[PDB]
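# Fold and contact review
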Amino acid sequence: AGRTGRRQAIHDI
Amino acid sequence: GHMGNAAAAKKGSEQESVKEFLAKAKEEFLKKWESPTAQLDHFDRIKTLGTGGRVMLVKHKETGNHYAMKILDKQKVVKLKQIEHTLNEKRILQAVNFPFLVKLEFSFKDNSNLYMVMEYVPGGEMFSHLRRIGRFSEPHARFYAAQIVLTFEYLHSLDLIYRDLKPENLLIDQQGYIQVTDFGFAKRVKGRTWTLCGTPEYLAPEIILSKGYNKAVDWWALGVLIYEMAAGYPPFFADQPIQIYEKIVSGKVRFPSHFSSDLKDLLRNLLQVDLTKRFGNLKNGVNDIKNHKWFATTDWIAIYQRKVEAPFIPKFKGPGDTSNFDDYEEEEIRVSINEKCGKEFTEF
Ligand SMILES: NCCNS(=O)(=O)c1cccc2cnccc12
């Protein structure tokens, strides 16, 4: 199981 | 050896020509970095192409050319501490020049927003096509991967780190070639940098572990991309970011049984936790990648010249066609009568 949609960038931790 | 006389010399001379190309490219980059517009009412807004900023298809009123206009809220950029990143994005895109990097055409700001007007790439995101088809065959994935290798060879030679490789940020152009977008985490980095940023599935372990890391995080990300293109899913896969991070740091990669041994070898050397061993970070530099067996059929010059037949050519229904993009909720572009964050964005 995991993320199949578009993935947002992270800016911290 | 592996190569006979003619092969060995041809490759050596090839590598020397790359050095010469890169030296000239750096001259041109630095000149533009040293001596670098429009306004909103010059464009008709048509449709939103992506959200995250927000990117809209626009049409230039005087010429009728279509463009992709990135709109950033100045207040949102300040709150998220992305001021420097957003200045990096504009300045870098303004100065680079490479066939697989999206071209910035105009940039400007108003009371509420920053705007970056880029070439419109109508074939859609690699992400959509990948999720639709499932996975790419190895030759198909290799065609795209070769373009990323060349793009990173170019960027890294300019001491530019990219830091957000993923299929969402790779657009397919009318000839089936790649356009890299999204330079918001791109940065001039001679050596180490420390910002925790990127997309979870694509982060190298040294980022997650809060190390001062270097341009080799881009080569790790290339391994993630190649894996995801060839498998249909990335190597470190979980519903929540913390679970993703735990898998990355373990590093224990498993491969589909349809992966060739050449592909697995390449990926074990890119998805290498030990930086003294990671391809792209060693004495032989990018040539460890370009000369790997999985790339033995790749004519690097022909890829650069766009003379290789692409595995997939998007259906192009005309100028302004958005049929290769998903639909998004459309929001007003509201411009306050009061200037916001003028001091923060003076250099923009
Ligand atoms: N990160 C998602 C990439 N897609 S996007 O943001 O809509 C996007 C961003 C930058 C340039 C583009 C050119 N043509 C189409 C889309 C463009």
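Within every chain, residues carry numbers counted from 1 in written sequence order, not necessarily those of the entry, while residues missing coordinates are excluded from display. Going through the entries in the order they are written, you letter the chains from A and number the ligands from 1. Each side-chain value is derived from all of the structure's non-hydrogen atoms; neither hydrogens nor water enter the calculation. Residues with missing side-chain atoms are left out of burial classes, side-chain pairs and their counts.

As recorded in the entry header, the structure was determined using X-ray crystallography to a resolution of 1.72 Å.

On to the nonpolar core. Residue and element names in this part refer to chain B. Joining through side-chain atoms within 4.5 Å is the link that ties buried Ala, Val, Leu, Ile, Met, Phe, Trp, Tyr and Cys residues into a set, and such a set is a nonpolar core. For every residue, the accessible area obtained with a 1.4 Å probe (protein chains only) is divided by the maximum for its type, and the residue is called buried under 20%, exposed over 50%, and partly exposed between those limits. Membership of the largest hydrophobic core comes to 94 residues, with the highest contact counts inside it found for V96 and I226. No fewer than three residues from each of domain 1 (18-35 + 125-315) and domain 2 (36-124 + 316-346) sit in this core. Apart from residues no more than four positions distant in its own chain, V96 is found in contact with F29, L101, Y154, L155, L158 and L160. Among the nonpolar cores identified, the runner-up in size contains 12 residues, and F43, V58, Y67 and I71 belong to it. Where each domain starts and ends comes from a domain assignment, either automatic or drawn from a database. Residue contacts are defined here by distance: any two heavy atoms, one from each residue, within 4.5 Å place the two residues in contact.

Residue and element names in this part refer to chain B. One heavy atom within 4 Å of a molecule or strand makes the whole residue count as near it. Among the 15 residues in the neighbourhood of the ligand, the closest are listed as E119, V121, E168, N169 and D182. Interatomic distance of 3.4 Å between a backbone N/O atom of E168 and a nitrogen atom of the ligand. In the environment of the ligand, a nitrogen atom lies 2.7 Å from a nitrogen or oxygen atom belonging to the side chain of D182. Contact with the protein chains hides 92% of the accessible area of the ligand, taken as 400 Å² for the molecule alone. The helix and strand labels rest on DSSP assignments: H or I over at least four residues marks a helix, E over at least two residues marks a strand, and numbering proceeds from the N terminus. Among the elements of the structure, β1 (43-51) and β5 (113-119) are those that each provide at least two residues to the shell around the ligand. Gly falls in the polar group here, along with every residue not listed as nonpolar (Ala, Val, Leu, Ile, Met, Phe, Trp, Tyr, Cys, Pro) or charged (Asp, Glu, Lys, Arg). Of the residues in the shell around the ligand, the class split is eight nonpolar, three polar and four charged. Each of domain 1 (18-35 + 125-315) and domain 2 (36-124 + 316-346) accounts for three or more of the residues forming the shell around the ligand. Polar contacts, as counted here, are pairs of nitrogen or oxygen atoms within 3.5 Å of one another; within protein the pair requires one atom able to donate a hydrogen and one able to accept it, and residues that are adjacent in sequence qualify only if both atoms are side-chain atoms. Method for areas: the Shrake-Rupley scheme with a 1.4 Å probe, in which residue coverage is limited to the protein chains shown.

This part takes up empty space enclosed by the protein. Summary: where empty space remains is shown by rolling a probe the size of a single water molecule over the atoms. All names here are of chain B. Only protein atoms enter the 1 Å grid used here, on which a cavity is any set of points holding a 1.4 Å probe that cannot leave and a pocket is any open set flanked by protein within 12 Å on both sides along at least five of seven lines; residues with an atom within 4 Å of a point are listed as lining. Grid points are joined across faces, edges and corners, and a volume is the space filled by probe spheres set on the points. The space that makes up the largest cavity amounts to roughly 80 Å³. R163, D164, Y202, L203 and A221 are the residues nearest the centre of the largest cavity, which is lined by 13 residues in total. Of the residues belonging to the lining of the largest cavity, the class tally is eight nonpolar, two polar and three charged.

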